[PDB]
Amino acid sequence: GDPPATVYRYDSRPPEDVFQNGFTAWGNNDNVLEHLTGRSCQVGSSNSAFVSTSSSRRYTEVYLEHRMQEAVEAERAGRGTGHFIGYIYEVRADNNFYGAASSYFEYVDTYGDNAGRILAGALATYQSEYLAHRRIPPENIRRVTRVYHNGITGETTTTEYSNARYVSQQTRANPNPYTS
């Protein structure tokens, strides 16, 4: 029942960036509700102070596979090329990583209105999501899986790479909700 030591992140950017530079949050907006609903992420205001991760590798696999299928749909509709490259990073969590569900409830119990606050089961409420505040340093990033789909031939190829900058130390995610 301890907080996870290992989390995963789907991202489009390659290890030549991420293994050396880590992940940096979009900006300084630490509103937990705006992050978890996506409003402060890339498709919204692109200013979230959080880097999203999941303790469930399967979650990031569904994400990668969905983006890959959306690429392939873009060609059956005639506005795309087929090819897709995605990455799943394996990351060591530390005290700057906070449970999304715990942080969400802390926020809405204190500042929220009614919606999705009382009727909010465990599977439904950002289950296994973890928010890294501000940065995931490169020393926390252990390895990456690259998945390449060739949209012309249909071939998919999966490869793995280790980060020489990874530092192995005993850390786990924060047991407490995030608070500003």
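We number the residues from 1 along the sequence you see.
Higher average CA B factor: 153-161, of the stretches 153-161 and 5-13. Stretches compared: 134-142, 31-39. Higher mean C-alpha B-factor in the entry: 31-39.
For the set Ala71, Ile88, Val91, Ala100, the PDB entry assigns the largest Cα B-factor to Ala71. Which of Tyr59, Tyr148, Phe50, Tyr111 has the largest Cα B-factor in the deposited entry comes down to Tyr148. Among the modelled residues of its chain, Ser54 has a C-alpha B-factor that falls in the lowest third according to the deposited record.
In the PDB entry, a CA B factor belonging to the middle third of its chain's modelled residues is recorded for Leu123.
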